[PDB]
Amino acid sequence: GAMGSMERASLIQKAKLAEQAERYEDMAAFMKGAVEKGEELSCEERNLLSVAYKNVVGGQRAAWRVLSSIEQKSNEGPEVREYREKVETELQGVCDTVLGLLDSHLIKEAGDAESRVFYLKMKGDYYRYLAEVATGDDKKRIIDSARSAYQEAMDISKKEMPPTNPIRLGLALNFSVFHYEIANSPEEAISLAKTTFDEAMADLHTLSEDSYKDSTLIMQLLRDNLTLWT
Amino acid sequence: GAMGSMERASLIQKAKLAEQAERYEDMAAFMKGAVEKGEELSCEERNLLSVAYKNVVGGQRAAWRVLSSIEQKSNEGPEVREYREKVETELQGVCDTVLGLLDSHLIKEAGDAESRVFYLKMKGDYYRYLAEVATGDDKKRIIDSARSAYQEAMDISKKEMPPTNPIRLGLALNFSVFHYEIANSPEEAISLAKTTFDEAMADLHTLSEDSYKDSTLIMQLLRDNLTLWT
Amino acid sequence: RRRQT
Amino acid sequence: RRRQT
Ligand SMILES: N=C(N)c1cc(-c2ccccc2)c(CNC(=O)Cc2ccc3cc[nH]c3c2)s1
Ligand SMILES: N=C(N)c1cc(-c2ccccc2)c(CNC(=O)Cc2ccc3cc[nH]c3c2)s1
Ligand SMILES: [Cl-]
Ligand SMILES: [Cl-]
Ligand SMILES: [Mg+2]
Ligand SMILES: [Mg+2]
Ligand SMILES: [Mg+2]
Ligand SMILES: [Mg+2]
C-alpha cells in the first residue's frame, strides 16, 4: 500500500514519533506498513503495533458505545442508527485490518512462544471487539474464533512461560473479560482471574525489582476486576 | 462533496451526535456539508462549526508542537522533518478548508453583527494557526490577513455589541494572544487584555445570572493570560 | 468503574 | 501554564 516506498526502519521511527504526538491513526498506518515489509517483528515493534491499533479501536469502541446508548434510548428518524452503523463499519474495518496482518503472515512465521502467544492474544482481542458489536447470523462464530485464539494462547503460555510473564497475565485478564461479558460465563471469568492472580503471587519471589513492578501492575488489574465482579 | 446527498437537518443532527461521541473529524465533515448547503447558519450551528474544527485543528497543532520540538533538538536522518511536514501540511489543509467556507460564502451573507463578528474572528483564528507554522515568502502576509480580520471584527463588536458579549470577549482574548506571540507586540497584548477585562467588569451589573456566568467565564481567561504575562 | 483490559 | 484561547 501507501507505505511500500518507505524504509522499514523509517516506518518504525515515525511510529514512535506519532506515539509521542498522540497520532495513533498515523502510528497504525506506519506499523501496518512495517508489518507488510514481511519481516518478523521484534518485541518492541510488536508493542508498537498493539498500542497503535488499541488506541485507534479504543476511540471507535467508546464512540460506538455512546451512540448505541443514544440509539436504545430512542427505541424506548434514521440518523442515530445511520451514524452508529457508520462508526461500527469503520470499527469493523480496523478489526479486519489487524486480523489480516496476523493471518498474513505474523502468526505462521511466529515460532517463539513469546511472539506466538502475543499474536494469538491480539487475534482474540480483535475477534472480541467484533463480537461486541455483532448481532447476526455469524455472531456465534465470531465469539468462537475469539475463544479459540485465546485458548491456544493460554495453552502455549502455560507450557512455555512463567506465571508472572506480563503477556501471559494480560492474556489472562482479557480472556477473563471475554468470559464475563462476551461468553456470558461470569463464573469462568472469576475463576480464571483468581487462579491467575494467585499463581503469579506465588512466583513473584523469583523476580527482579523491575520485573516485579511489571507483573504486579497487571495483577492489580486482575484484582480490580475481581473487586468489581464479586 | 460527499455530504451533498444528506439533508441539512440530518447533517446538523449527526454533528451533535459526533460531538457527544467525541468524533470531531466526523463533526467537522458534517458541518462542512451543512455549510455547503448554502443557507446561513443559526447561532447554535455556528458554534457547532467552530467547536468541530477547533478540536480537529487543536489536535494537529499539539502534534505539530511535539514534533517541532523534537526536530529542533535534533538540530542542536530526514524522518523527523518529513513527519512534521506531513502533520503541518494536513493542518494547513484544514485551515484552508475553513477559510474557504468563510469566504464561500458565510462572511458575505452574514449581515447581522453577531454573525459577521463570529466569522471574522474565525477567519483571524485560522490565519493565525497558519501563521504559527509559516516560515517563508508570505509569512508576513498571513500575519497581516489575521490582523485585518481580527481588526474588522473588533471594530464591529465595539460599535454593535456590549462589552460583556461572550463573542466580543473571546475575540479580544484571541486578538490579544495574536499580538503577544504572533505579532511580537506583548505590550499591545497586555493593554487589550486589560482594557477588555475592565470594560466588561463595568458592564456586569446590567446582566442576568446566566449571562453573568457566561461573561465572567471568559473574563477569567483574560485574567489568566494577564497573570501569565506580567 | 468500567472493567479493565 | 499555556496561555489561553
Ligand atoms: N512504545 C511502547 N508503548 C512500548 C515499548 C515497549 C518495549 C518493549 C521492548 C523493548 C523496549 C520497549 C513496551 C513494553 N510493554 C510490555 O512489555 C508489557 C506490559 C507491561 C505492563 C503493563 C501495564 C499495562 N499494560 C502493560 C503491558 S511498551
Ligand atoms: N454544542 C456546543 N458546543 C454549543 C452550543 C451552543 C448554543 C448556542 C445557541 C443555542 C444553543 C446552544 C453554545 C454556546 N456557546 C457560546 O455562546 C459562547 C461561549 C461562552 C462561554 C465560553 C467559555 C469558553 N468558551 C466559551 C464560549 S456551545
Ligand atoms: Cl452517517
Ligand atoms: Cl511522513
Ligand atoms: Mg529497506
Ligand atoms: Mg457462584
Ligand atoms: Mg433538504
Ligand atoms: Mg512595559
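Every chain is numbered from 1 and lettered A, B, ... according to where its sequence line falls, protein lines coming before strand lines. Numbering of ligands and ligand atoms starts at 1, following listing order.
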Options B:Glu45, B:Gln20, B:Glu19, ranked by nearest heavy atom to atom 3 (N) of ligand 2, top entry: B:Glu19
When you compare the side chains of A:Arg128 and A:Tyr150, does any donor N or O come within less than 3.5 Å of an acceptor on the partner? yes
So is B:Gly170 in contact with ligand 2, going by heavy-atom distances below 4.0 Å? no
Spacing of CE belonging to B:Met201 relative to CG belonging to B:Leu222, to within rounding of 0.5 Å: 11.0 Å
I need the atoms of ligand 1 closer than 4.0 Å to a non-hydrogen atom of A:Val51, numbered in the order shown. 3 (N)
For A:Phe175 and A:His179, take the angle between the two ring planes, folded into 0 to 90°, and tell me which bin it lands in: parallel under 30, tilted 30 to 60, perpendicular over 60. tilted
Can you confirm, on distance only, whether ligand 1 has an N/O atom lying under 3.5 Å from any N/O atom belonging to A:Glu44? no
In terms of atom number and element, which parts of ligand 1 are under 4.0 angstrom from non-hydrogen atoms of A:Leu217? 21 (C), 22 (C), 23 (C)
Under a 4.0 Å heavy-atom limit, does B:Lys16 contact ligand 2 with its side chain, its backbone, both, or neither? neither
Counting heavy atoms only, which of A:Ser50, A:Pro166, A:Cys43, A:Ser211 comes nearest to atom 9 (C) of ligand 1? A:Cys43
Which is closest to atom 26 (C) of ligand 2 by heavy-atom distance: B:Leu173, D:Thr5, B:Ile218? B:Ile218
Can the ring centres of B:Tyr83 and A:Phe30 be said to be less than 6.0 Å apart? yes
Using a 4.0 Å heavy-atom cut-off, say whether A:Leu48 meets ligand 1 through its side chain, its backbone, both or neither. side chain
Rounded distance (nearest 0.5 Å) linking atom CZ of A:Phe118 with atom CG of A:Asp112: 13.5 Å
State plainly whether the residues B:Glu39 and B:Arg8 are in salt-bridge range, i.e. N to O under 4.0 Å. no
When rounded to the nearest 0.5 angstrom, what distance separates CE in A:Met31 from CE in A:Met3? 11.5 Å
